[PDB]
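Chemist: So I've got this file, query-v6.pdb, and it contains PDB, C-alpha atoms and all ligand atoms:
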ATOM      1  CA  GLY A  13    -103.878  40.113-186.554  1.00  0.00           C
ATOM      2  CA  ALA A  14    -104.844  42.211-183.559  1.00  0.00           C
ATOM      3  CA  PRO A  15    -108.197  40.470-182.896  1.00  0.00           C
ATOM      4  CA  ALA A  16    -106.629  37.010-182.923  1.00  0.00           C
ATOM      5  CA  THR A  17    -103.827  38.140-180.623  1.00  0.00           C
ATOM      6  CA  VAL A  18    -106.439  39.316-178.082  1.00  0.00           C
ATOM      7  CA  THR A  19    -108.319  35.981-178.291  1.00  0.00           C
ATOM      8  CA  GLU A  20    -105.051  34.151-177.516  1.00  0.00           C
ATOM      9  CA  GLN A  21    -103.273  36.433-174.973  1.00  0.00           C
ATOM     10  CA  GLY A  22    -105.939  38.929-173.782  1.00  0.00           C
ATOM     11  CA  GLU A  23    -106.941  39.347-170.087  1.00  0.00           C
ATOM     12  CA  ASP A  24    -110.566  38.488-169.179  1.00  0.00           C
ATOM     13  CA  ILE A  25    -111.863  41.605-167.460  1.00  0.00           C
ATOM     14  CA  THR A  26    -115.508  40.499-166.960  1.00  0.00           C
ATOM     15  CA  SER A  27    -116.905  40.063-163.452  1.00  0.00           C
ATOM     16  CA  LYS A  28    -118.365  36.731-164.616  1.00  0.00           C
ATOM     17  CA  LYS A  29    -115.065  35.458-166.072  1.00  0.00           C
ATOM     18  CA  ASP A  30    -117.031  34.542-169.239  1.00  0.00           C
ATOM     19  CA  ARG A  31    -114.382  35.902-171.708  1.00  0.00           C
ATOM     20  CA  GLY A  32    -116.981  38.393-173.016  1.00  0.00           C
ATOM     21  CA  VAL A  33    -114.496  41.275-172.806  1.00  0.00           C
ATOM     22  CA  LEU A  34    -110.793  40.593-173.439  1.00  0.00           C
ATOM     23  CA  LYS A  35    -108.047  43.240-173.165  1.00  0.00           C
ATOM     24  CA  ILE A  36    -104.449  43.897-174.078  1.00  0.00           C
ATOM     25  CA  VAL A  37    -102.663  47.046-173.004  1.00  0.00           C
ATOM     26  CA  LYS A  38    -100.796  48.345-176.047  1.00  0.00           C
ATOM     27  CA  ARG A  39     -99.354  51.507-174.470  1.00  0.00           C
ATOM     28  CA  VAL A  40     -99.131  52.213-170.716  1.00  0.00           C
ATOM     29  CA  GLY A  41    -100.778  55.364-169.305  1.00  0.00           C
ATOM     30  CA  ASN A  42     -99.743  57.715-166.467  1.00  0.00           C
ATOM     31  CA  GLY A  43    -100.429  57.809-162.743  1.00  0.00           C
ATOM     32  CA  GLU A  44    -102.445  55.212-160.800  1.00  0.00           C
ATOM     33  CA  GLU A  45    -105.922  56.837-161.235  1.00  0.00           C
ATOM     34  CA  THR A  46    -108.563  55.184-163.414  1.00  0.00           C
ATOM     35  CA  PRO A  47    -112.011  56.726-164.001  1.00  0.00           C
ATOM     36  CA  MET A  48    -114.972  56.357-161.653  1.00  0.00           C
ATOM     37  CA  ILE A  49    -118.586  55.832-162.654  1.00  0.00           C
ATOM     38  CA  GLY A  50    -120.083  59.210-163.527  1.00  0.00           C
ATOM     39  CA  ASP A  51    -116.749  60.751-164.688  1.00  0.00           C
ATOM     40  CA  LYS A  52    -116.645  62.538-168.059  1.00  0.00           C
ATOM     41  CA  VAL A  53    -114.206  60.655-170.266  1.00  0.00           C
ATOM     42  CA  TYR A  54    -112.396  61.601-173.467  1.00  0.00           C
ATOM     43  CA  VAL A  55    -111.066  59.043-175.938  1.00  0.00           C
ATOM     44  CA  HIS A  56    -109.850  58.380-179.451  1.00  0.00           C
ATOM     45  CA  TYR A  57    -110.918  55.028-180.906  1.00  0.00           C
ATOM     46  CA  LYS A  58    -110.964  52.832-184.000  1.00  0.00           C
ATOM     47  CA  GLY A  59    -113.573  50.061-184.175  1.00  0.00           C
ATOM     48  CA  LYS A  60    -114.693  47.265-186.508  1.00  0.00           C
ATOM     49  CA  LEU A  61    -116.694  44.077-186.777  1.00  0.00           C
ATOM     50  CA  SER A  62    -114.241  41.275-186.080  1.00  0.00           C
ATOM     51  CA  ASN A  63    -114.395  40.176-189.739  1.00  0.00           C
ATOM     52  CA  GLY A  64    -113.734  43.836-190.734  1.00  0.00           C
ATOM     53  CA  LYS A  65    -116.914  44.589-192.710  1.00  0.00           C
ATOM     54  CA  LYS A  66    -117.786  47.933-191.006  1.00  0.00           C
ATOM     55  CA  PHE A  67    -115.066  50.275-189.647  1.00  0.00           C
ATOM     56  CA  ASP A  68    -115.451  53.489-187.554  1.00  0.00           C
ATOM     57  CA  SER A  69    -112.898  56.038-186.287  1.00  0.00           C
ATOM     58  CA  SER A  70    -113.174  59.132-184.097  1.00  0.00           C
ATOM     59  CA  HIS A  71    -110.333  60.390-186.336  1.00  0.00           C
ATOM     60  CA  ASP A  72    -112.959  60.552-189.120  1.00  0.00           C
ATOM     61  CA  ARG A  73    -114.531  63.355-186.971  1.00  0.00           C
ATOM     62  CA  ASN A  74    -111.137  64.967-186.095  1.00  0.00           C
ATOM     63  CA  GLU A  75    -112.321  65.221-182.472  1.00  0.00           C
ATOM     64  CA  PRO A  76    -112.498  63.170-179.249  1.00  0.00           C
ATOM     65  CA  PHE A  77    -115.414  60.883-178.456  1.00  0.00           C
ATOM     66  CA  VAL A  78    -116.802  61.999-175.086  1.00  0.00           C
ATOM     67  CA  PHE A  79    -119.178  60.125-172.717  1.00  0.00           C
ATOM     68  CA  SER A  80    -120.046  59.694-169.028  1.00  0.00           C
ATOM     69  CA  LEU A  81    -118.627  56.406-167.709  1.00  0.00           C
ATOM     70  CA  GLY A  82    -120.926  53.719-166.454  1.00  0.00           C
ATOM     71  CA  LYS A  83    -124.237  55.435-167.374  1.00  0.00           C
ATOM     72  CA  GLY A  84    -124.790  52.926-170.233  1.00  0.00           C
ATOM     73  CA  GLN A  85    -124.297  55.722-172.841  1.00  0.00           C
ATOM     74  CA  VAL A  86    -122.095  53.191-174.660  1.00  0.00           C
ATOM     75  CA  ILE A  87    -122.095  49.395-174.896  1.00  0.00           C
ATOM     76  CA  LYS A  88    -121.428  47.537-171.607  1.00  0.00           C
ATOM     77  CA  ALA A  89    -117.951  46.452-172.794  1.00  0.00           C
ATOM     78  CA  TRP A  90    -116.818  50.075-172.937  1.00  0.00           C
ATOM     79  CA  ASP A  91    -118.197  50.853-169.462  1.00  0.00           C
ATOM     80  CA  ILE A  92    -116.194  47.804-168.280  1.00  0.00           C
ATOM     81  CA  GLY A  93    -113.012  48.331-170.340  1.00  0.00           C
ATOM     82  CA  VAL A  94    -112.457  52.083-170.213  1.00  0.00           C
ATOM     83  CA  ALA A  95    -112.989  51.931-166.442  1.00  0.00           C
ATOM     84  CA  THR A  96    -109.777  49.855-166.324  1.00  0.00           C
ATOM     85  CA  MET A  97    -107.658  52.359-168.279  1.00  0.00           C
ATOM     86  CA  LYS A  98    -105.184  55.050-167.167  1.00  0.00           C
ATOM     87  CA  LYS A  99    -104.768  58.495-168.707  1.00  0.00           C
ATOM     88  CA  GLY A 100    -102.565  58.091-171.779  1.00  0.00           C
ATOM     89  CA  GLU A 101    -103.218  54.365-172.116  1.00  0.00           C
ATOM     90  CA  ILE A 102    -103.926  52.661-175.416  1.00  0.00           C
ATOM     91  CA  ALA A 103    -105.662  49.263-175.236  1.00  0.00           C
ATOM     92  CA  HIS A 104    -107.241  46.680-177.542  1.00  0.00           C
ATOM     93  CA  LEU A 105    -110.630  45.170-176.645  1.00  0.00           C
ATOM     94  CA  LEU A 106    -112.247  42.122-178.192  1.00  0.00           C
ATOM     95  CA  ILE A 107    -115.922  41.797-177.326  1.00  0.00           C
ATOM     96  CA  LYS A 108    -118.566  39.058-177.574  1.00  0.00           C
ATOM     97  CA  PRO A 109    -122.128  40.071-178.602  1.00  0.00           C
ATOM     98  CA  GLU A 110    -123.489  39.840-175.052  1.00  0.00           C
ATOM     99  CA  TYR A 111    -121.403  42.903-174.062  1.00  0.00           C
ATOM    100  CA  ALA A 112    -122.144  44.731-177.316  1.00  0.00           C
ATOM    101  CA  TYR A 113    -125.370  44.522-179.418  1.00  0.00           C
ATOM    102  CA  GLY A 114    -126.471  40.957-178.624  1.00  0.00           C
ATOM    103  CA  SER A 115    -128.622  38.712-180.707  1.00  0.00           C
ATOM    104  CA  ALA A 116    -130.795  41.636-181.816  1.00  0.00           C
ATOM    105  CA  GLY A 117    -127.780  43.505-183.181  1.00  0.00           C
ATOM    106  CA  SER A 118    -128.315  47.069-184.474  1.00  0.00           C
ATOM    107  CA  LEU A 119    -129.209  46.688-188.136  1.00  0.00           C
ATOM    108  CA  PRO A 120    -128.452  47.807-190.678  1.00  0.00           C
ATOM    109  CA  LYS A 121    -125.121  48.834-189.137  1.00  0.00           C
ATOM    110  CA  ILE A 122    -124.423  45.905-186.761  1.00  0.00           C
ATOM    111  CA  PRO A 123    -125.674  42.345-187.463  1.00  0.00           C
ATOM    112  CA  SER A 124    -127.048  39.867-184.975  1.00  0.00           C
ATOM    113  CA  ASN A 125    -124.456  38.209-182.701  1.00  0.00           C
ATOM    114  CA  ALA A 126    -121.539  40.366-183.863  1.00  0.00           C
ATOM    115  CA  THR A 127    -118.084  40.263-182.235  1.00  0.00           C
ATOM    116  CA  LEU A 128    -116.392  43.711-182.067  1.00  0.00           C
ATOM    117  CA  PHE A 129    -112.811  44.910-181.871  1.00  0.00           C
ATOM    118  CA  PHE A 130    -111.597  48.317-180.707  1.00  0.00           C
ATOM    119  CA  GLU A 131    -108.392  50.205-180.225  1.00  0.00           C
ATOM    120  CA  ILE A 132    -108.922  52.885-177.545  1.00  0.00           C
ATOM    121  CA  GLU A 133    -106.793  55.799-176.380  1.00  0.00           C
ATOM    122  CA  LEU A 134    -107.799  57.356-173.048  1.00  0.00           C
ATOM    123  CA  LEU A 135    -107.040  61.069-173.366  1.00  0.00           C
ATOM    124  CA  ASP A 136    -108.506  62.407-170.138  1.00  0.00           C
ATOM    125  CA  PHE A 137    -111.287  62.059-167.569  1.00  0.00           C
ATOM    126  CA  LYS A 138    -112.806  64.682-165.265  1.00  0.00           C
ATOM    127  CA  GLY A 139    -115.193  64.453-162.323  1.00  0.00           C
ATOM    128  CA  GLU A 140    -118.926  65.131-162.638  1.00  0.00           C
TER
HETATM  129  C1  LIG B 201    -124.775  51.302-183.206  1.00  0.00           C
HETATM  130  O1  LIG B 201    -124.475  52.519-183.865  1.00  0.00           O
HETATM  131  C2  LIG B 201    -123.181  52.932-183.921  1.00  0.00           C
HETATM  132  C3  LIG B 201    -122.078  52.189-183.507  1.00  0.00           C
HETATM  133  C4  LIG B 201    -120.797  52.706-183.633  1.00  0.00           C
HETATM  134  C5  LIG B 201    -120.643  53.976-184.157  1.00  0.00           C
HETATM  135  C6  LIG B 201    -121.746  54.720-184.550  1.00  0.00           C
HETATM  136  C7  LIG B 201    -123.023  54.200-184.460  1.00  0.00           C
HETATM  137  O2  LIG B 201    -124.111  54.945-184.884  1.00  0.00           O
HETATM  138  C8  LIG B 201    -124.681  55.771-183.875  1.00  0.00           C
HETATM  139  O3  LIG B 201    -121.739  55.974-185.097  1.00  0.00           O
HETATM  140  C9  LIG B 201    -120.494  56.511-185.594  1.00  0.00           C
HETATM  141  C10 LIG B 201    -120.377  55.958-187.009  1.00  0.00           C
HETATM  142  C11 LIG B 201    -120.587  58.021-185.386  1.00  0.00           C
HETATM  143  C12 LIG B 201    -120.071  58.391-183.999  1.00  0.00           C
HETATM  144  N1  LIG B 201    -120.949  57.904-182.928  1.00  0.00           N
HETATM  145  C13 LIG B 201    -120.708  56.999-181.964  1.00  0.00           C
HETATM  146  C14 LIG B 201    -121.876  56.907-181.267  1.00  0.00           C
HETATM  147  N2  LIG B 201    -122.755  57.782-181.803  1.00  0.00           N
HETATM  148  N3  LIG B 201    -122.206  58.374-182.832  1.00  0.00           N
HETATM  149  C15 LIG B 201    -122.238  56.074-180.095  1.00  0.00           C
HETATM  150  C16 LIG B 201    -123.105  54.876-180.477  1.00  0.00           C
HETATM  151  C17 LIG B 201    -122.942  53.727-179.502  1.00  0.00           C
HETATM  152  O4  LIG B 201    -121.695  53.059-179.840  1.00  0.00           O
HETATM  153  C18 LIG B 201    -121.077  52.357-178.888  1.00  0.00           C
HETATM  154  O5  LIG B 201    -121.495  52.176-177.780  1.00  0.00           O
HETATM  155  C19 LIG B 201    -119.710  51.870-179.356  1.00  0.00           C
HETATM  156  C20 LIG B 201    -118.662  52.399-178.373  1.00  0.00           C
HETATM  157  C21 LIG B 201    -118.467  53.881-178.465  1.00  0.00           C
HETATM  158  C22 LIG B 201    -117.963  54.198-179.839  1.00  0.00           C
HETATM  159  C23 LIG B 201    -118.863  53.654-180.975  1.00  0.00           C
HETATM  160  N4  LIG B 201    -119.383  52.259-180.742  1.00  0.00           N
HETATM  161  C24 LIG B 201    -119.725  51.440-181.771  1.00  0.00           C
HETATM  162  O6  LIG B 201    -120.307  50.384-181.559  1.00  0.00           O
HETATM  163  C25 LIG B 201    -119.593  51.868-183.237  1.00  0.00           C
HETATM  164  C26 LIG B 201    -119.445  50.613-184.146  1.00  0.00           C
HETATM  165  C27 LIG B 201    -118.119  49.883-183.894  1.00  0.00           C
HETATM  166  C28 LIG B 201    -117.973  48.676-184.781  1.00  0.00           C
HETATM  167  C29 LIG B 201    -117.963  49.070-186.247  1.00  0.00           C
HETATM  168  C30 LIG B 201    -119.269  49.767-186.589  1.00  0.00           C
HETATM  169  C31 LIG B 201    -119.553  50.958-185.635  1.00  0.00           C
END
Just dump the structure as structure tokens.
Modeler:
Amino acid sequence: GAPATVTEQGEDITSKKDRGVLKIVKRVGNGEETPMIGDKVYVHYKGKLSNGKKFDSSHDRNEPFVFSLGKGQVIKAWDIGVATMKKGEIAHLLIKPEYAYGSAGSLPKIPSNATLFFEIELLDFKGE
């Protein structure tokens, strides 16, 4: 499925080229602009453990998930991945534990050394 396709054909967007954050663009956005550190960003997302044992959607809240980019308000893989996205874009990310919750995890919700998958839609971003 989606996670396996990202393993096989996904772009490595880490600085370290360690395959810790892999990306496929599923729908292209608009304009050239991508968000800067500090920008307020608005997204819809669906997320799961790679084996599918916990599943979370912003659609379950009916409302966008909102955060300031690059302030570590989310896991490092989102700061990395969303910074690459254009307004309107939908992308898949597959993420190793080092760019998510690591060997400590976040129990009971996230186990130790968990790989994560997300589908992300970038709705908008606005300057500080
Ligand atoms: C580790 O705890 C959680 C992880 C995730 C979601 C969590 C959560 O409980 C705080 O709550 C959901 C269920 C309620 C909405 N929400 C998101 C956040 N705070 N509240 C932000 C929490 C930080 O989350 C993240 O950095 C990432 C990226 C942003 C969206 C949510 N993220 C998650 O890791 C989910 C997680 C995805 C994998 C399946 C299980 C949930």
Chemist: Within 6 Å of residue A:59, counting all atoms listed in the file, which residues qualify if same-chain residues fewer than 4 places away don't, as a PDB file with C-alpha atoms, in the coordinates of the input?
Modeler:
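Once written, selection16.pdb looks like this:
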ATOM      1  CA  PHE A  67    -115.066  50.275-189.647  1.00  0.00           C
ATOM      2  CA  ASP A  68    -115.451  53.489-187.554  1.00  0.00           C
ATOM      3  CA  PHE A 129    -112.811  44.910-181.871  1.00  0.00           C
ATOM      4  CA  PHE A 130    -111.597  48.317-180.707  1.00  0.00           C
TER       5      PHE A 130
END
Chemist: One decimal, Å: what's the distance from atom CA of residue A:83 over to atom CA of residue A:52, could you say?
Modeler: 10.4 Å
Chemist: I need every residue sitting at most 6 Å from the point (-113.0, 59.2, -176.1) (coordinates as in the file, all atoms listed in the file considered), written as an MDAnalysis selection string.
Modeler: chainID A and resid 54:56 76:78
Chemist: Taking all atoms listed in the file into account, which residues are within 9 Å of ligand LIG 201 (chain B), as a VMD selection string?
Modeler: chain A and resid 57 to 62 64 to 70 72 to 73 77 to 79 84 to 90 112 to 113 117 to 119 121 to 122 127 to 130
Chemist: For residue A:93, please output as a ChimeraX atom specification all residues within 9 Å (counting only C-alpha atoms; exclusion window: fewer than 2 positions along the same chain).
Modeler: /A:25-26,33-35,88-91,95-97,103,105
Chemist: Pick the closest to residue A:30 from A:140, A:116, A:107, A:15: which is it, counting all atoms listed in the file?
Modeler: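 Among the listed residues, the smallest separation from residue A:30 belongs to A:107.
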Chemist: Taking into account only C-alpha atoms, which residue in the set A:42, A:32, A:53, A:16 is nearest to residue A:82?
Modeler: A:53
Chemist: Between A:71, A:24, A:139, A:14, which has the minimum distance to residue A:92 (counting all atoms listed in the file)?
Modeler: A:24
Chemist: Which residue gives the smallest distance to residue A:110 among A:31, A:13, A:22, A:51, with all atoms listed in the file counted?
Modeler: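 Nearest to residue A:110: A:31.
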Chemist: For atom CA of residue A:138 and atom CA of residue A:49, quote the distance in Å rounded to one decimal.
Modeler: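 Separation of atom CA of residue A:138 and atom CA of residue A:49: 10.9 Å.
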Chemist: What gap, in Å, lies between atom CA of residue A:102 and atom CA of residue A:37?
Modeler: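 According to the coordinates, atom CA of residue A:102 and atom CA of residue A:37 are separated by 6.2 Å.
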